[PDB]
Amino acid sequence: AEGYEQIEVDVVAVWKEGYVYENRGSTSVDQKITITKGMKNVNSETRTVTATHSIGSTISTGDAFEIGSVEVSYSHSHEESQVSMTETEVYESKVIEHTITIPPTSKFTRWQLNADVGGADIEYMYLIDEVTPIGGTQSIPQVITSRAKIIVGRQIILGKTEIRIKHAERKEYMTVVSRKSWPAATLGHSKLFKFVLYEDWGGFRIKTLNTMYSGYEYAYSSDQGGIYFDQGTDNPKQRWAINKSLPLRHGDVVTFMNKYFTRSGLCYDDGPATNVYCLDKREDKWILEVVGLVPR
(Lines of atoms letter the chains of each structure in order from A and count residues from 1; the text may use other names and numbers.)
(Lines give C-alpha, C1' and ligand atoms only; values in the text may rest on other atoms or scores of the structure.)
Protein backbone atom coordinates (compact mmCIF):
# COMPACT_ATOMS: atom_id res chain seq x y z
CA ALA A 1 0.00 0.00 0.00
CA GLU A 2 1.07 3.59 -0.91
CA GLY A 3 2.56 4.69 2.45
CA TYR A 4 2.63 1.52 4.60
CA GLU A 5 5.32 -1.00 5.50
CA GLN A 6 5.70 -4.58 6.78
CA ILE A 7 7.69 -5.30 10.02
CA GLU A 8 8.49 -8.61 11.83
CA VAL A 9 7.82 -8.80 15.61
CA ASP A 10 7.54 -11.29 18.56
CA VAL A 11 3.98 -11.99 19.85
CA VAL A 12 2.64 -14.06 22.83
CA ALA A 13 0.73 -17.39 22.22
CA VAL A 14 -0.44 -20.16 24.62
CA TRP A 15 -2.20 -23.61 24.73
CA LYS A 16 -5.41 -23.52 26.87
CA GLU A 17 -7.57 -26.39 28.33
CA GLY A 18 -10.29 -25.85 25.66
CA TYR A 19 -12.68 -28.79 26.25
CA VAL A 20 -12.32 -31.96 28.44
CA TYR A 21 -14.59 -35.07 28.50
CA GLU A 22 -14.09 -38.12 30.82
CA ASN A 23 -15.77 -41.48 29.95
CA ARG A 24 -15.05 -43.68 33.04
CA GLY A 25 -17.65 -46.36 32.11
CA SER A 26 -18.85 -48.33 29.04
CA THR A 27 -19.75 -48.24 26.12
CA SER A 28 -18.48 -45.65 23.54
CA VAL A 29 -20.21 -42.24 24.06
CA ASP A 30 -20.65 -39.63 21.27
CA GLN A 31 -20.50 -35.86 21.98
CA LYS A 32 -21.14 -32.84 19.67
CA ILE A 33 -18.42 -30.08 19.90
CA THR A 34 -18.39 -26.54 18.40
CA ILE A 35 -15.43 -24.04 18.40
CA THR A 36 -14.95 -20.59 16.76
CA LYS A 37 -11.51 -20.08 15.12
CA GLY A 38 -11.22 -16.28 14.81
CA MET A 39 -10.13 -12.91 16.24
CA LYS A 40 -12.22 -11.85 19.25
CA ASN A 41 -14.58 -8.84 18.60
CA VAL A 42 -13.20 -8.25 15.04
CA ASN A 43 -14.47 -5.06 13.28
CA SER A 44 -16.14 -5.91 9.92
CA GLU A 45 -15.80 -2.34 8.56
CA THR A 46 -11.91 -2.36 8.93
CA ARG A 47 -8.74 -4.40 9.44
CA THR A 48 -6.82 -1.61 11.24
CA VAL A 49 -6.51 -2.56 14.93
CA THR A 50 -5.79 -0.01 17.70
CA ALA A 51 -3.20 -1.59 20.03
CA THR A 52 -4.57 -2.29 23.56
CA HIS A 53 -0.97 -3.01 24.75
CA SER A 54 2.60 -2.83 23.37
CA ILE A 55 4.48 -5.10 20.91
CA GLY A 56 8.07 -4.29 21.87
CA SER A 57 9.72 -1.01 20.83
CA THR A 58 7.75 -0.99 17.50
CA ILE A 59 4.09 -0.76 18.80
CA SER A 60 2.59 1.08 21.86
CA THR A 61 -0.98 1.29 23.25
CA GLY A 62 -3.20 3.29 20.85
CA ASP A 63 -1.02 2.68 17.75
CA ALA A 64 -2.64 1.72 14.48
CA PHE A 65 -1.49 -1.49 12.80
CA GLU A 66 -2.82 -4.31 10.61
CA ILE A 67 -1.87 -8.01 11.09
CA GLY A 68 -0.26 -9.30 7.85
CA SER A 69 0.64 -12.83 9.07
CA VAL A 70 1.31 -14.80 12.31
CA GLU A 71 3.73 -17.80 12.58
CA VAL A 72 3.63 -19.88 15.82
CA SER A 73 5.94 -22.97 16.22
CA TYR A 74 4.89 -25.70 18.81
CA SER A 75 6.29 -29.05 20.19
CA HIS A 76 3.86 -32.07 20.39
CA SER A 77 4.02 -35.16 20.80
CA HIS A 78 7.86 -35.13 21.35
CA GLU A 79 8.09 -33.58 17.77
CA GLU A 80 8.24 -29.99 16.42
CA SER A 81 5.77 -28.48 13.90
CA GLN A 82 4.85 -24.98 12.67
CA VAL A 83 1.55 -23.33 11.59
CA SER A 84 1.29 -20.06 9.58
CA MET A 85 -1.67 -17.64 9.18
CA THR A 86 -2.68 -15.44 6.23
CA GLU A 87 -4.18 -11.95 6.58
CA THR A 88 -7.61 -13.36 5.61
CA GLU A 89 -7.24 -16.19 8.24
CA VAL A 90 -6.38 -13.84 11.17
CA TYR A 91 -9.52 -11.70 10.35
CA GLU A 92 -12.15 -14.51 9.91
CA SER A 93 -14.45 -16.48 12.27
CA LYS A 94 -14.65 -20.18 11.19
CA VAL A 95 -17.26 -22.01 13.38
CA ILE A 96 -15.82 -25.58 13.08
CA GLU A 97 -18.28 -28.24 14.41
CA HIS A 98 -18.37 -32.08 14.55
CA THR A 99 -18.88 -35.21 16.76
CA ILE A 100 -16.01 -36.98 18.65
CA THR A 101 -16.36 -40.68 19.66
CA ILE A 102 -14.74 -41.06 23.13
CA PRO A 103 -13.74 -44.75 23.68
CA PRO A 104 -14.32 -46.44 27.12
CA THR A 105 -11.91 -45.59 30.02
CA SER A 106 -10.28 -42.78 27.99
CA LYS A 107 -10.16 -38.92 28.17
CA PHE A 108 -10.64 -36.55 25.20
CA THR A 109 -8.43 -33.40 25.49
CA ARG A 110 -9.16 -30.75 22.79
CA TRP A 111 -6.39 -28.15 23.38
CA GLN A 112 -6.94 -24.50 22.37
CA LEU A 113 -4.03 -22.50 20.79
CA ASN A 114 -4.47 -18.69 20.96
CA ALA A 115 -2.44 -15.55 20.01
CA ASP A 116 -2.39 -12.03 21.58
CA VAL A 117 -0.90 -9.67 18.92
CA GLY A 118 -0.87 -6.50 21.09
CA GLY A 119 -4.43 -6.89 22.39
CA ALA A 120 -5.90 -8.69 19.34
CA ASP A 121 -6.98 -12.06 20.84
CA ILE A 122 -6.92 -14.81 18.12
CA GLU A 123 -9.10 -17.51 19.73
CA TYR A 124 -8.38 -21.04 18.38
CA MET A 125 -5.52 -20.31 15.87
CA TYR A 126 -5.19 -24.13 15.90
CA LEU A 127 -6.76 -27.27 17.46
CA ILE A 128 -4.58 -30.38 18.03
CA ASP A 129 -6.86 -32.78 20.01
CA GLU A 130 -5.62 -35.78 22.01
CA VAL A 131 -7.35 -38.98 23.05
CA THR A 132 -5.49 -40.83 25.87
CA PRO A 133 -6.20 -43.56 28.52
CA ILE A 134 -7.41 -42.79 32.10
CA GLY A 135 -5.29 -42.22 34.25
CA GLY A 136 -2.44 -42.35 31.72
CA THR A 137 0.18 -39.81 30.60
CA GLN A 138 -0.58 -37.21 27.85
CA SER A 139 1.63 -34.86 25.82
CA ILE A 140 1.22 -31.14 26.75
CA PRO A 141 1.95 -28.83 23.72
CA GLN A 142 4.49 -25.96 24.21
CA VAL A 143 4.97 -22.88 21.90
CA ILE A 144 8.70 -22.65 20.89
CA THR A 145 8.62 -19.48 18.60
CA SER A 146 5.57 -17.10 18.44
CA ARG A 147 6.01 -14.24 15.88
CA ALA A 148 3.96 -11.88 13.59
CA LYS A 149 4.40 -9.54 10.62
CA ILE A 150 2.43 -6.26 11.02
CA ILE A 151 1.61 -3.47 8.54
CA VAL A 152 2.13 0.16 9.67
CA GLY A 153 2.21 3.64 8.21
CA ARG A 154 5.55 5.05 7.09
CA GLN A 155 7.00 7.13 9.94
CA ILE A 156 6.69 10.93 10.14
CA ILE A 157 10.07 12.45 11.07
CA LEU A 158 9.46 15.60 13.15
CA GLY A 159 10.68 18.82 11.54
CA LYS A 160 11.52 16.92 8.34
CA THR A 161 8.56 14.97 6.81
CA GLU A 162 6.05 16.88 4.66
CA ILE A 163 2.47 15.81 5.35
CA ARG A 164 -1.11 16.58 4.44
CA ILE A 165 -3.63 16.97 7.30
CA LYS A 166 -7.10 15.64 6.21
CA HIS A 167 -10.39 15.96 8.17
CA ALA A 168 -11.59 12.35 8.67
CA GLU A 169 -15.43 12.91 8.90
CA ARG A 170 -15.55 15.37 5.92
CA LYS A 171 -12.72 13.75 3.82
CA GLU A 172 -11.31 17.26 3.03
CA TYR A 173 -7.73 18.61 3.44
CA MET A 174 -6.66 21.45 5.76
CA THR A 175 -5.72 24.34 3.40
CA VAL A 176 -4.45 27.94 3.90
CA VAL A 177 -6.30 31.09 2.74
CA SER A 178 -6.10 34.81 3.51
CA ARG A 179 -8.41 36.21 6.23
CA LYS A 180 -8.04 39.63 8.04
CA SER A 181 -4.65 39.91 6.16
CA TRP A 182 -3.32 36.83 8.05
CA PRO A 183 -2.95 33.24 6.69
CA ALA A 184 -5.93 31.11 7.86
CA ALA A 185 -6.84 27.43 7.99
CA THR A 186 -9.89 26.21 6.04
CA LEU A 187 -11.08 22.83 4.66
CA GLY A 188 -10.64 22.17 0.93
CA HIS A 189 -10.34 19.43 -1.74
CA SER A 190 -6.78 20.53 -2.88
CA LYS A 191 -3.87 18.04 -2.37
CA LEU A 192 -1.34 20.93 -2.80
CA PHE A 193 -1.36 21.96 0.89
CA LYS A 194 1.70 20.56 2.64
CA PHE A 195 2.70 20.94 6.31
CA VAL A 196 5.59 19.98 8.61
CA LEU A 197 5.09 18.87 12.25
CA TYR A 198 7.60 20.01 14.89
CA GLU A 199 8.01 19.28 18.60
CA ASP A 200 9.78 21.20 21.36
CA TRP A 201 9.56 21.91 25.15
CA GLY A 202 6.05 23.43 24.73
CA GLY A 203 4.32 20.90 22.48
CA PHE A 204 3.77 20.25 18.78
CA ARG A 205 3.78 22.94 16.08
CA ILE A 206 1.94 22.81 12.73
CA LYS A 207 4.01 24.66 10.12
CA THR A 208 2.58 25.53 6.70
CA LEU A 209 4.60 25.34 3.50
CA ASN A 210 1.80 27.24 1.64
CA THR A 211 1.74 30.72 3.29
CA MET A 212 1.23 33.93 1.27
CA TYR A 213 2.60 36.18 4.11
CA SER A 214 6.28 35.16 4.52
CA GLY A 215 7.33 34.03 7.96
CA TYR A 216 3.70 33.65 9.18
CA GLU A 217 3.69 29.86 9.22
CA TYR A 218 2.82 28.29 12.65
CA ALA A 219 -0.86 27.37 13.35
CA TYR A 220 -2.44 29.04 16.36
CA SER A 221 -5.85 29.77 17.93
CA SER A 222 -7.33 33.24 18.23
CA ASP A 223 -9.40 34.27 21.29
CA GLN A 224 -12.43 33.87 18.94
CA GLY A 225 -11.26 30.29 18.03
CA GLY A 226 -10.37 30.72 14.38
CA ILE A 227 -7.10 29.11 13.30
CA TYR A 228 -4.47 31.46 11.86
CA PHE A 229 -0.73 31.10 11.20
CA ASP A 230 1.86 33.21 13.09
CA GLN A 231 5.62 33.69 13.18
CA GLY A 232 7.64 31.31 15.34
CA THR A 233 7.49 32.31 19.03
CA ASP A 234 7.43 30.76 22.55
CA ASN A 235 3.61 31.42 22.79
CA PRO A 236 1.51 28.35 23.86
CA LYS A 237 -1.30 29.52 21.54
CA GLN A 238 0.75 28.07 18.57
CA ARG A 239 1.46 24.81 20.46
CA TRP A 240 -0.52 21.62 20.32
CA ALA A 241 -1.02 18.25 21.94
CA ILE A 242 -1.46 15.02 20.00
CA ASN A 243 -3.44 12.16 21.67
CA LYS A 244 -1.11 9.48 20.24
CA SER A 245 2.28 8.12 21.26
CA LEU A 246 5.26 8.82 19.01
CA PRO A 247 6.37 7.94 16.38
CA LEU A 248 3.63 9.54 14.28
CA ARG A 249 2.90 7.54 11.12
CA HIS A 250 1.15 7.68 7.79
CA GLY A 251 -2.62 7.39 8.12
CA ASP A 252 -2.59 8.09 11.89
CA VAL A 253 -5.90 9.46 13.16
CA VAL A 254 -5.16 12.20 15.73
CA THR A 255 -6.63 15.16 17.59
CA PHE A 256 -4.88 18.49 18.19
CA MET A 257 -5.55 20.13 21.59
CA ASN A 258 -4.39 23.71 22.06
CA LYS A 259 -1.78 24.33 24.75
CA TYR A 260 -3.09 27.81 25.71
CA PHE A 261 -6.87 27.01 25.55
CA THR A 262 -6.21 23.63 27.17
CA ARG A 263 -9.67 21.99 26.57
CA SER A 264 -10.09 23.39 23.03
CA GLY A 265 -9.49 21.01 20.16
CA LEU A 266 -9.02 21.61 16.44
CA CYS A 267 -12.22 20.94 14.42
CA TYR A 268 -14.69 21.70 11.63
CA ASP A 269 -17.08 24.56 12.41
CA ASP A 270 -19.14 26.69 10.03
CA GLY A 271 -17.46 30.10 10.41
CA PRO A 272 -18.52 33.15 8.36
CA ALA A 273 -15.47 32.78 6.05
CA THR A 274 -13.27 29.81 6.96
CA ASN A 275 -14.21 26.62 8.85
CA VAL A 276 -11.25 25.42 11.00
CA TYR A 277 -11.70 26.29 14.68
CA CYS A 278 -10.43 25.58 18.19
CA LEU A 279 -13.58 24.74 20.19
CA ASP A 280 -13.90 23.97 23.90
CA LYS A 281 -14.55 20.39 25.09
CA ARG A 282 -14.72 19.06 21.50
CA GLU A 283 -11.91 17.50 19.37
CA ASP A 284 -12.24 16.24 15.77
CA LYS A 285 -10.32 13.37 14.18
CA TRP A 286 -7.70 14.32 11.50
CA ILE A 287 -5.68 11.95 9.28
CA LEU A 288 -1.89 12.53 8.83
CA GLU A 289 -0.93 11.72 5.20
CA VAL A 290 2.80 11.50 4.17
CA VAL A 291 3.14 13.24 0.79
CA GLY A 292 3.98 11.33 -2.38
CA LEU A 293 6.29 12.59 -5.07
CA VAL A 294 5.61 15.55 -7.42
CA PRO A 295 6.42 14.97 -11.21
CA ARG A 296 9.46 16.53 -13.05
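All residue numbers are counted from 1 along the displayed sequence.
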item: Selected stretch [higher average CA B-factor]: 97-105 or 166-174; value: 97-105
item: Greater mean Cα temperature factor according to the PDB record, 12-20 or 282-290; value: 12-20
item: Member of 190, 142, 211, 181 with the greatest C-alpha B factor (per the PDB record); value: 142
item: Per the PDB entry, maximal CA B factor within 195, 216, 204, 74; value: 74
item: Residue 61 CA temperature factor, ranked by third within the chain; value: middle
item: Chain third (lowest, middle, highest) by recorded CA B-factor, residue given as residue 36; value: highest
item: Among modelled residues of the same chain, the CA temperature factor third for residue 270; value: middle
item: Residue 29, C-alpha B-factor rank within chain (lowest, middle or highest third); value: highest
item: CA B-factor placement of residue 134, once the chain's modelled residues are sorted into thirds; value: highest
